[PDB]
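Working notes for the structure below.
Ideal geometry is used to build each Cβ from the backbone, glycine not excepted, and the neighbour counts take in all protein chains shown. Every number in this text was worked out from the coordinates using simple rules, so none of it is lab data.
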Amino acid sequence: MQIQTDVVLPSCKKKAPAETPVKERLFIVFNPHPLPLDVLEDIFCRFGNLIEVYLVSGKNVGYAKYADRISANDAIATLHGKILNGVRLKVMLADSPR
């Protein structure tokens, strides 16, 4: 599993239980192609309270469900605009994209 990034990351945290009701949602937009799912889970669990991350099939869009608003905001502040494994990322609130 590759981790090549230009940002300092927190350690991996445990995911919230899969059935946890969703509190915050993020769009992840990949330029030029999406990243593998295991990489995405490793990266996005690091902010805590990650319920799930998945890709929209065959598209450059992923979706991050968090059990905590502050955690998702941390993921935005840390990852938006950064490069991961050769891919540029946009991370934004799903309900109000920038």
I'd like the full set of residues that are assigned to a helix (DSSP H, G or I) and surrounded by fewer than 12 Cβ atoms within 10 Å (Cβ to Cβ), limited to region 74-98. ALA77
Might you check whether a residue that is of a type in the set (S, T, N, Q) and closer than 13 Å to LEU93 by Cβ occurs anywhere in region 43-52? no
Considering region 64-73 alone, what residues qualify as being touching a helix residue (DSSP H, G or I) at 6+ places or on another chain (Cβ under 9 Å) and assigned to a loop (DSSP other than H, G, I, E, B)? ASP68
When residues of region 26-63 are limited to those that are part of a helix (DSSP H, G or I) and without any contact (Cβ under 8 Å) to a residue 40 or more places away in the chain, the one surrounded by the most Cβ atoms within 10 Å (Cβ to Cβ): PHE44
Kindly evaluate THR5 against the criterion of being among the hydroxyl-bearing types (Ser, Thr, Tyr), closer than 16 Å to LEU89 by Cβ and touching a strand residue (DSSP E or B) at 6+ places or on another chain (Cβ under 7 Å). yes
Given (1) among the aliphatic types (A, V, I, L, M); (2) touching a helix residue (DSSP H, G or I) at 6+ places or on another chain (Cβ under 6 Å); (3) under 15 Å from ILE3 (Cβ atoms), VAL39 misses just (2)
In region 10-25, what count of residues is obtained for those that are within 16 Å of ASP74 (Cβ to Cβ), surrounded by fewer than 17 Cβ atoms within 10 Å (Cβ to Cβ) and over 12 Å from the mean Cα position of the chain (by Cα)? 6
Out of (1) more than 13 Å from the chain's Cα centre (by Cα); (2) over 19 Å from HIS80 (Cβ atoms), the odd one out for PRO36 is which? (1)
